[PDB]
Amino acid sequence: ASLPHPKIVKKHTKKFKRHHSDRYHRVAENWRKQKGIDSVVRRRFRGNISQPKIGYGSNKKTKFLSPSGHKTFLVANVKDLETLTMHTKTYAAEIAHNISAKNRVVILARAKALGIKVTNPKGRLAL
Amino acid sequence: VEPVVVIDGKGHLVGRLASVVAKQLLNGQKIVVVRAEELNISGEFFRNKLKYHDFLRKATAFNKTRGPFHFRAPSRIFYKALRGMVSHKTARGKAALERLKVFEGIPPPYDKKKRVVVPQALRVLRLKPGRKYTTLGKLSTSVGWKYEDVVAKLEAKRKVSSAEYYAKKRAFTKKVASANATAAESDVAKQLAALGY
Amino acid sequence: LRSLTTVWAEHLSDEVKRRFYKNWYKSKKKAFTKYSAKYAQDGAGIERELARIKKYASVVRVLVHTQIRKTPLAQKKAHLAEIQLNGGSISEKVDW
Amino acid sequence: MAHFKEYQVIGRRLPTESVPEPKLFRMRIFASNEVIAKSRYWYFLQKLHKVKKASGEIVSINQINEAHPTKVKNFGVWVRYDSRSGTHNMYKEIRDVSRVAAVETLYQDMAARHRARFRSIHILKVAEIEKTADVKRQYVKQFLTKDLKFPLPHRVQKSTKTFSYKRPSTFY
Amino acid sequence: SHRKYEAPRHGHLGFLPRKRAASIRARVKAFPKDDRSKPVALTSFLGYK
Amino acid sequence: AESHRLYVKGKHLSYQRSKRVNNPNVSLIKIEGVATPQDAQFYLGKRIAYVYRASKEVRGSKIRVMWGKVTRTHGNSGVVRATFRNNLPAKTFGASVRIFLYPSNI
RNA sequence: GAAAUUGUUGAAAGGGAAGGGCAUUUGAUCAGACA
RNA sequence: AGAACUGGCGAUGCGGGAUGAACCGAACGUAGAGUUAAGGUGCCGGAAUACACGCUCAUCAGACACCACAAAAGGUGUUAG
RNA sequence: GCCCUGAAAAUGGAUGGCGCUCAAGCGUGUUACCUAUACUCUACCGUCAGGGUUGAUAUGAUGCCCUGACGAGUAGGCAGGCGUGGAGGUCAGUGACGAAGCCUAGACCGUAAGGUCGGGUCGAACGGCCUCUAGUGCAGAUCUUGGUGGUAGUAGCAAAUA
RNA sequence: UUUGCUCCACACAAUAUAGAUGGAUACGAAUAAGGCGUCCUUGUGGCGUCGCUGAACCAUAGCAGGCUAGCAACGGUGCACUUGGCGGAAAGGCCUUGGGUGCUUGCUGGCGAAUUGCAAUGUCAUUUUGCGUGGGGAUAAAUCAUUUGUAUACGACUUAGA
Ligand SMILES: [Mg+2]
Ligand SMILES: [Mg+2]
Ligand SMILES: [Mg+2]
Ligand SMILES: [Mg+2]
Ligand SMILES: [Mg+2]
Ligand SMILES: [Mg+2]
Ligand SMILES: [Mg+2]
Ligand SMILES: [Mg+2]
Ligand SMILES: [Mg+2]
Ligand SMILES: [Mg+2]
Ligand SMILES: [Mg+2]
Ligand SMILES: [Mg+2]
Ligand SMILES: [Mg+2]
Ligand SMILES: [Mg+2]
Ligand SMILES: [Mg+2]
Ligand SMILES: [Mg+2]
Ligand SMILES: [Mg+2]
Ligand SMILES: [Mg+2]
Ligand SMILES: [Mg+2]
Ligand SMILES: [Mg+2]
Ligand SMILES: [Mg+2]
Ligand SMILES: [Mg+2]
Ligand SMILES: [Mg+2]
Ligand SMILES: [Mg+2]
Ligand SMILES: [Mg+2]
Ligand SMILES: [Mg+2]
Ligand SMILES: [Mg+2]
Ligand SMILES: [Mg+2]
Ligand SMILES: [Mg+2]
Ligand SMILES: [Mg+2]
Ligand SMILES: [Mg+2]
Ligand SMILES: [Mg+2]
Ligand SMILES: [Mg+2]
Ligand SMILES: [Mg+2]
Ligand SMILES: [Mg+2]
Ligand SMILES: [Mg+2]
Ligand SMILES: [Mg+2]
Ligand SMILES: [Mg+2]
Ligand SMILES: [Mg+2]
Ligand SMILES: [Mg+2]
Ligand SMILES: [Mg+2]
Ligand SMILES: [Mg+2]
Ligand SMILES: [Mg+2]
Ligand SMILES: [Mg+2]
Ligand SMILES: [Mg+2]
Ligand SMILES: [Mg+2]
Ligand SMILES: [Mg+2]
Ligand SMILES: [Mg+2]
Ligand SMILES: [Mg+2]
Ligand SMILES: [Mg+2]
Ligand SMILES: [Mg+2]
Ligand SMILES: [Mg+2]
Ligand SMILES: [Mg+2]
Ligand SMILES: [Mg+2]
Ligand SMILES: [Mg+2]
Ligand SMILES: [Mg+2]
Ligand SMILES: [Mg+2]
Ligand SMILES: [Mg+2]
Ligand SMILES: [Mg+2]
Ligand SMILES: [Mg+2]
Ligand SMILES: [Mg+2]
Ligand SMILES: [Mg+2]
C-alpha cells in the first residue's frame with residue numbers, strides 16, 4: 001500500500017556488538033565504547049571490530065521505513081488506531097504487546113475498515 | 001591445457017622447475033615430474049654438497065625428531081625445493097601440493113605417456129655455457145640416498161623397451177608419409193594445399 | 001625391497017599352523033586348506049608362482065620353522081621365519 | 001640519465017650598462033632533455049667563468065643531429081671522473097653510429113666498470129677517429145679487420161609457452 | 001657455565017629408544033653378502049637357549 | 001558433435017589484492033590462450049559464468065551458476081579482472097570458470 | 001525460579017589452543033513484497 | 001648523559017620498511033569508480049622468468065636508506081684505466 | 001671496479017622463506033605493470049557557514065527550501081541523547097479474555113546508548129508524553145555477600161605387631 | 001543376535017566432488033650439435049633434407065545429433081567375444097588372430113526439427129554409501145573370562161585350554 005520512496009540502503013546491517021562481548025559471559029553484547037589506553041579496538045588497528053559512528057547514519061529519506069514503506073506506530077486501542085485515519089501509505093499500526101485477545105480482534109477489524117496496515121496481525125489470534 | 005602434465009626432469013634447474021611447478025599447481029594444473037635424479041643445480045657439485053650439509057645440522061635440539069626433516073632422494077630434494085614456493089600450511093596450499101607427483105626414473109602409467117619440458121628451466125638454455133653445475137642424483141647419493149644404482153638400472157632397461165617403441169614408430173610413419181605422398185598432387189590435396197594445408 | 005610372492009608347501013605341521021592363531025583349540029583350523037588346494041589341479045598355479053619368482057626376484061628367502069615339539073618347552077606354537085639363501089643363481093635357489 | 005640528445009647551449013653575462021654586448025660562450029652538452037641541458041651549461045660555465053645563472057642569460061639552445069647517422073664511426077672518448085678516493089682522467093674508444101648513441105654506452109660502461117654515476121662524470125671531448133690505425137684501444141681494433149666475420153653459437157629461442165614439447169637445439 | 005671436570009656421558013644413543021621390543025623374535029636386520037657360486041644353503045637357524 | 005563448447009576456458013586465479021589485504025568484490029581471471037593485455041581487450045565485457053553443483057535440487061536442477069563480466073585487463077599477461085553478481089567463493093581459486101562470446105561485436 | 005554451572009536428546013566443527021573482521025559457497029531459518 | 005631550530009612519537013590509525021612507538025609515504029564520517037604515493041612485480045604475493053650495456057664464480061659469493069657492522073694490509077683472479 | 005685473503009663463540013636457522021650464477025647478484029639506462037583510510041568524480045550522514053520563506057484556507061518557526069566547505073584523536077571541555085527508583089499533570093492509556101518478570105543463533109526501527117513485536121513460561125499489577133527529583137547505569141577496585149566451576153573421582157584414606 | 005557375506009548384472013534411492021566439457025599425442029642422446037630420409041665398405045661413413053617453435057598433430061558436419069534409401073569401397077572405426085604374445089618400478093597396462101555386429105560425413109537421396117517465443121549452465125562428468133531382487137562363489141575368527149612367566153605398575157607382551 002506504501003507511499004513511493006527510494007530503494008532503502010541500510011549502510012551496516014550487522015549488529016555492532018561490544019568489544020569482548022564474545023569473550024567473557026559477563027560482558028553483554030550491548031555496545032560500549034572502549035576507554036583503554038592500549039585498546040587495539042579503540043585505536044582502530046586493522047582487523048578488530050568496527051565502531052558505531054555518524055557516517056553510518058541512514059538516509060534522511062528512507063530512515064525509519066520498514067520493508068513495506070510505512071513508518072510504524074504502536075497502537076493500543078481503536079482510538080489510537082484512528083490517528084492513522086489519513087495516513088495509510090505512510091504509517092502502519094503495530095498492536096501493543098499488552099493488548100488483550102478480544103480487544104485485538106476489534107482493532108484489526110477496524111484496521112481493515114479504515115484501510116490501515118497492521119504489522120503483527122496474528123497476535124493472540126484464535127485459530 | 002592438458003588434464004595432467006608429465007615433466008621429464010632431465011636437464012632442468014631445481015629452483016626454476018620448482019617455481020614453475022608451483023604456479024602450474026596453484027592455478028590448478030595437475031603436474032607430475034619424472035626422471036627427478038637427472039636434475040640440475042647451478043654450482044659445482046661440491047658447493048651443493050656443502051649447502052646440503054648445512055641443511056643437515058639444522059635439527060630440533062631437545063628432540064631430533066620434531067625438528068627439520070632431511071630428505072635425501074632427488075625427488076624430494078625437488079619437493080622441498082617446490083614446497084617452499086607454496087603457501088603450504090593453508091588449505092589452498094595442501095590442495096595444490098596434492099595435485100603433484102615427483103618421481104625418480106619413469107614408473108608405470110607415466111612412461112607410455114609423453115612428457116614435456118619447461119624451456120624456462122631447461123639448463124642448456126638457461127645457464128651460461130661454461131658455468132659449473134650439479135646433478136641431483138649424484139648430490140643425493142652423496143648424502144645418503146640408497147637407490148641410484150637401482151634406478152639407472154631400470155631406466156637403462158626402460159630406455160631399451162622404448163627405443164623398440166620408437167623404432168616401430170619411425171617405420172610406421174614412413175609408410176604413413178609414403179602413403180601421404182601418393183596422394184600428393186591429386187585434386188583434393190591441391191585444394192587443401194590452397195587453404196594452407 | 002618388496003615382497004613379490006610367497007609360495008608355501010602343500011601340507012603344514014600343526015606346529016606352524018599353530019602360529020597363525022590366537023585361540024587354536026576353539027577354531028576350525030581352516031588355515032591353509034584352500035591353499036592346499038592349488039596342488040590338486042596338476043600344480044599349474046604353484047608352478048607359475050615359482051616361475052614368477054625366478055623371472056624376477058633379486059633375492060630369495062626360505063620359510064622355515066622350529067620343530068618345537070622336540071624341545072622340552074611347553075610352548076607348542078612353533079616359530080616361523082624367513083631365511084636368505086646365498087647359493088648360486090636365483091633360479092637354482094628356488095629349485096633348492 | 002635517459003636517452004641523450006646533444007645540445008648547443010649558448011649564454012652570456014647580463015648586459016651591464018658599461019659592458020653591453022658581453023662575450024658569449026657555447027658548449028656542446030649531452031643531456032636527455034633541454035632543461036637538464038640548460039642546467040649543465042651553467043654547471044660547467046660556473047666552473048670556468050665569473051658567472052652564475054643569476055648574473056647570466058641563455059641565448060640559444062638548439063639540438064645537434066648526427067652528421068651521417070647511419071655511418072658507422074669509431075669514437076675516441078675523453079672523460080674526467082670521480083672514484084671513491086681520487087678524481088681521474090680516462091680515454092676510451094667507442095664504435096657506434098652517432099655521437100649521441102655512444103655517449104650513452106659511455107656513461108653505461110663507466111657505471112659498470114667503475115661504478116661512476118652521472119653526477120660523477122665530465123665528458124671532456126667526444127671526437128671521431130678519422131684515419132684507422134689510430135684506434136689505440138684494442139676491443140675496437142678487433143673490429144676493423146678485413147672480411148670480418150663471426151658466428152653466434154649456442155643460440156636461444158625465447159619460448160612463448162610455459163611448456164614445450166620438443167627439447168630444443170642451440171644450432172644457428 | 002661449563003662443567004668443572006669433563007667425564008664421558010652415560011649410555012649409548014645408538015640404542016635408543018629404550019622401549020620394549022615389538023616382538024620376542026629379534027629381527028635379522030641384515031644378511032651375509034651373496035656369492036652365487038658356492039652351493040645353495042641356509043644362512044641362519046632357529047634356536048632355543 | 002563431440003564439441004559443444006561455445007565459450008572459452010578460464011581459470012579463477014586470485015582476488016584482486018594487495019600484498020596482504022584482499023578484495024573479494026573483484027576476481028582475477030586467466031583466459032586460455034590470452035597472454036597479452038592486448039589479446040585480452042577482446043574479452044572485456046563478455047559475461048562470465050562459473051558453473052558448479054550441489055546436493056539440493058532447486059528450480060528443477062542440481063546445477064547452479066553465479067554470473068559475471070570481464071571488465072578490464074590485468075597487468076601484462078592477458079590476465080583479466082571480472083566482477084560477478086555475488087562474489088566468488090575463494091574455494092574456487094584455481095577452478096574452472098566459463099567465458100562466453102556474447103555480447104560480441106562481429 | 002535469571003546467570004555461572006551440570007544431565008539427556010538434536011544439529012555442526014575439530015592434524016599443537018579458542019574466540020574476532022571484510023567477503024562469499026553450502027545447510028538450516030525468516031521477513032517483506034506481488035497482485 | 002646534556003643544550004639549539006624544526007619536524008614527529010606521546011594522544012594516531014591507514015600503505016611501504018618481512019617484524020618494530022619515532023623512518024618512507026599519507027593523516028581516517030559510510031560507500032562506488034578511477035588514478036597514484038612509498039614500495040614492489042621467479043614462486044610464496046597482486047604485478048614483465050620485460051627490454052638494454054657492462055661487471056662478478058667465492059671448498060664460508062651477493063642481494064637495497066634508517067638497519068640490525070667490520071678495518072689496516074695483501075692477491076701473477078679478472079675487469080677497465 | 002667486482003671477487004678472494006685478512007674474518008674466532010657458545011640450543012638448530014635465516015638476503016623474510018624457497019631458492020637463484022649471460023641471475024631472481026653488483027652498476028646503470030628504457031618502458032610496461034601491481035595497490036593505501038591519500039588524490040579526482042558521484043552518492044548517503046553529520047558539522048559549520050551563507051542565502052530564501054509567516055500570506056491565508058492543513059499537519060512541525062527550535063521549522064520548510066537552496067547552496068558551499070569540512071570530518072584523526074589520549075588527558076580534558078562542551079553539546080544532543082539513551083536507560084533506572086520515586087513526584088506533579090495528562091492519555092477518561094494497558095490488564096485475570098492475563099499486568100510485571102523471565103526464556104527465545106524468530107521479526108522490525110536506530111549510527112548508537114537502546115526501542116517495538118511475535119512465540120513460550122508466568123500470575124496482579126504496568127505503561128506513553130510534558131514536567132519534577134536523585135542512594136540513577138559496572139568488567140575490573142588482592143572490591144562486599146552469596147552462588148558455581150576447572151583442578152578431580154585426583155591428593156589421598158599407609159604410625160601405634162593381627 | 002532373526003538370512004548374514006562376497007564377486008558379476010539393474011533398480012530405486014541418497015551423498016558427495018580443489019573443480020570433465022574433442023584427445024596427458026611414449027625413443028635416447030647431444031647442445032661449440034642434432035632429427036629424418038637415403039646410399040654403402042655398416043663408419044666418429046657418403047649424399048640429401050629439416051629447424052627459426054605445439055599457431056603442431058589427430059579429431060572435428062548429422063534432434064547433445066533423430067528416422068530412412070542407395071552407390072563406391074574392402075577402407076576406417078565403436079562393442080561384446082575368441083588366437084597367440086608382451087609387460088613386476090607401482091606391473092593391473094600394450095600388442096596381435098579370427099569370426100559377429102552397430103556406425104561411417106568416402107559420395108548421392110527421402111523425411112524430421114518452430115511455440116524453449118530475442119540470453120537465463122538450461123542440466124549429458126564421477127563420488128562414496130544404503131535398500132531390496134537373482135546369476136555364480138564362499139562357510140571364519142578376534143576379544144572378555146580362566147590360565148603360563150621367556151613379560152608386567154595398570155594396560156601391554158609371551159604360553160595354554162573340545
Ligand atoms: Mg598509549
Ligand atoms: Mg596493556
Ligand atoms: Mg589491549
Ligand atoms: Mg519502522
Ligand atoms: Mg583457500
Ligand atoms: Mg622430451
Ligand atoms: Mg658444456
Ligand atoms: Mg601375485
Ligand atoms: Mg616344564
Ligand atoms: Mg646540469
Ligand atoms: Mg670443558
Ligand atoms: Mg518454584
Ligand atoms: Mg574452528
Ligand atoms: Mg558472515
Ligand atoms: Mg622527521
Ligand atoms: Mg603519557
Ligand atoms: Mg599525536
Ligand atoms: Mg601518524
Ligand atoms: Mg614504502
Ligand atoms: Mg629490514
Ligand atoms: Mg623527506
Ligand atoms: Mg613461503
Ligand atoms: Mg602473481
Ligand atoms: Mg658462505
Ligand atoms: Mg649463501
Ligand atoms: Mg648509504
Ligand atoms: Mg662486478
Ligand atoms: Mg628470520
Ligand atoms: Mg651473509
Ligand atoms: Mg628477489
Ligand atoms: Mg635499473
Ligand atoms: Mg639490474
Ligand atoms: Mg624509465
Ligand atoms: Mg613495452
Ligand atoms: Mg593508505
Ligand atoms: Mg574511502
Ligand atoms: Mg567527496
Ligand atoms: Mg572528531
Ligand atoms: Mg521514570
Ligand atoms: Mg530510590
Ligand atoms: Mg504475558
Ligand atoms: Mg504467550
Ligand atoms: Mg496472588
Ligand atoms: Mg549509587
Ligand atoms: Mg538503594
Ligand atoms: Mg559484576
Ligand atoms: Mg572482574
Ligand atoms: Mg569445588
Ligand atoms: Mg567415588
Ligand atoms: Mg588415589
Ligand atoms: Mg601419608
Ligand atoms: Mg538379520
Ligand atoms: Mg635412433
Ligand atoms: Mg645392406
Ligand atoms: Mg647406419
Ligand atoms: Mg607433430
Ligand atoms: Mg543429415
Ligand atoms: Mg550419425
Ligand atoms: Mg602412480
Ligand atoms: Mg560424423
Ligand atoms: Mg541434458
Ligand atoms: Mg569336539
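Quick one: is B:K49 surrounded by 15 or more Cβ atoms within 10 Å (Cβ to Cβ) and touching a strand residue (DSSP E or B) at 6+ places or on another chain (Cβ under 7 Å)?
Considered against the rule, which asks whether it is surrounded by 15 or more Cβ atoms within 10 Å (Cβ to Cβ) and touching a strand residue (DSSP E or B) at 6+ places or on another chain (Cβ under 7 Å), B:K49 comes out as no.
Would you pick out the residues in segment E:21-47 that are more than 7 Å from chain C (Cβ to nearest Cβ), aliphatic (A, V, I, L, M) and closer than 18 Å to C:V60 by Cβ?
Selection gives E:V28, E:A30.
So for segment A:66-80 (the condition being part of a loop (DSSP other than H, G, I, E, B) and more than 25 Å from A:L3 (Cβ to Cβ)), does at least one residue qualify?
Within segment A:66-80, one or more residues are part of a loop (DSSP other than H, G, I, E, B) and more than 25 Å from A:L3 (Cβ to Cβ).
Which of the residues belonging to segment A:41-65 are part of a loop (DSSP other than H, G, I, E, B) and among the hydroxyl-bearing types (S, T, Y)?
A:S50, A:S58, A:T62
Within the bounds of segment A:97-106, is there any residue that is within 10 Å of RNA strand G (Cβ to nearest atom) and either touching a residue at least 40 places away in the same chain (Cβ under 8 Å) or surrounded by 14 or more Cβ atoms within 10 Å (Cβ to Cβ) (or both)?
No, every residue in segment A:97-106 fails to be within 10 Å of RNA strand G (Cβ to nearest atom) and either touching a residue at least 40 places away in the same chain (Cβ under 8 Å) or surrounded by 14 or more Cβ atoms within 10 Å (Cβ to Cβ) (or both).
For a quick check of your reading of the model, give me the residue pairs whose first member lies in segment C:67-88 and is over 28 Å from C:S3 (Cβ atoms), whose second is surrounded by fewer than 14 Cβ atoms within 10 Å (Cβ to Cβ), with beta-carbon atoms closer than 7 Å and at least 6 apart or on different chains.
Qualifying pairs under 7 Å: C:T71/E:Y48; C:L73/E:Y48.
Which residues, counting only those in segment D:145-163, are farther than 24 Å from B:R131 by Cβ and surrounded by fewer than 10 Cβ atoms within 10 Å (Cβ to Cβ)?
D:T145, D:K146, D:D147, D:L148, D:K149, D:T160
Are there any strands (runs of 3 or more DSSP E) wholly within chain F with 2 or more residues that are touching a residue at least 60 places away in the same chain (Cβ under 8 Å), and if so which?
Hits in chain F: F:7-17, F:22-31, F:79-84, F:96-100.
Determine which member of the set B:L139, B:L122 is in contact (Cβ under 8 Å) with a residue 60 or more places away in the chain, in contact with a helix residue (DSSP H, G or I) (Cβ under 6 Å, 6 or more places away or on another chain) and not polar (S, T, N, Q).
B:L139
Here is a list: A:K53, A:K63, A:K71, A:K89. Which entry is charged (D, E, K, R), in contact (Cβ under 8 Å) with a residue 60 or more places away in the chain and under 29 Å from A:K11 (Cβ atoms)?
Unique residue meeting the criteria: A:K89.
For segment B:124-147, how many residues are more than 10 Å from every other protein chain (Cβ to nearest Cβ), surrounded by fewer than 19 Cβ atoms within 10 Å (Cβ to Cβ) and part of a helix (DSSP H, G or I)?
Result for segment B:124-147: 1.
Just to be sure before I move on: is D:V156 more than 14 Å from chain B (Cβ to nearest Cβ) and either part of a loop (DSSP other than H, G, I, E, B) or within 30 Å of D:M1 (Cβ to Cβ) (or both) in the structure I sent?
Considered against the rule, which asks whether it is more than 14 Å from chain B (Cβ to nearest Cβ) and either part of a loop (DSSP other than H, G, I, E, B) or within 30 Å of D:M1 (Cβ to Cβ) (or both), D:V156 comes out as no.
Scan segment A:109-122 for residues that are out of contact with any strand residue (DSSP E or B) (no Cβ under 6 Å at 6 or more places or on another chain) and not in a loop (DSSP other than H, G, I, E, B) and jot them down.
Within segment A:109-122, A:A109, A:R110, A:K112, A:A113, A:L114 meet the criteria.
Looking at (1) among the hydrophobic types (A, V, I, L, M, F, W, C); (2) within 9 Å of chain E (Cβ to nearest Cβ); (3) surrounded by 17 or more Cβ atoms within 10 Å (Cβ to Cβ); (4) more than 19 Å from C:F20 (Cα to Cα), which is the only condition C:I83 fails?
All conditions pass for C:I83, except number (4).
Among the residues that make up segment D:37-45, is at least one of them in a loop (DSSP other than H, G, I, E, B), at negative phi and not hydrophobic (A, V, I, L, M, F, W, C)?
No, segment D:37-45 has no match at all.
Can you name every residue in segment A:15-66 that is exposed (fewer than 13 other Cβ atoms within 10 Å of the Cβ), within 16 Å of ligand 4 (Cβ to nearest atom) and not small (G, A, S)?
A:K60, A:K61, A:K63, A:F64
So D:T87 clears everything in (1) more than 23 Å from D:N33 (Cβ to Cβ); (2) in contact (Cβ under 8 Å) with a residue 12 or more places away in the chain except one condition, right? Which one?
So D:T87 meets the others, but not (2).
Taking the condition part of a loop (DSSP other than H, G, I, E, B) and within 14 Å of chain B (Cβ to nearest Cβ), does D:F143 pass?
Here the answer is no, as D:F143 does not meet what is asked.
Give the residue, chosen from F:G33, F:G45, that is away from chain B (no Cβ under 14 Å) and more than 30 Å from A:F45 (Cβ to Cβ).
Unique residue meeting the criteria: F:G45.
Please enumerate the residues belonging to segment C:57-77 that are at the interface with chain E (Cβ under 9 Å from one of its Cβ atoms), hydrophobic (A, V, I, L, M, F, W, C) and within 12 Å of RNA strand J (Cβ to nearest atom).
Once the filter is applied, which keeps residues that are at the interface with chain E (Cβ under 9 Å from one of its Cβ atoms), hydrophobic (A, V, I, L, M, F, W, C) and within 12 Å of RNA strand J (Cβ to nearest atom), segment C:57-77 yields C:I68, C:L73.
Which condition from (1) hydroxyl-bearing (S, T, Y); (2) farther than 18 Å from B:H12 by Cα; (3) crowded, with 16+ Cβ neighbours inside 10 Å is the one that B:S87 breaks?
That leaves (3) as the condition not met.
Collect the residues in segment B:56-74 that are among the small types (G, A, S) and in contact with a helix residue (DSSP H, G or I) (Cβ under 9 Å, 6 or more places away or on another chain), keeping them in residue-number order.
The answer is B:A73, and nothing else.
Positions of Cβ are backbone-derived with ideal geometry, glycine not excepted, and every protein chain shown enters the neighbour counts. All of the numbers you see were taken from the coordinates with simple rules; none came from a lab.
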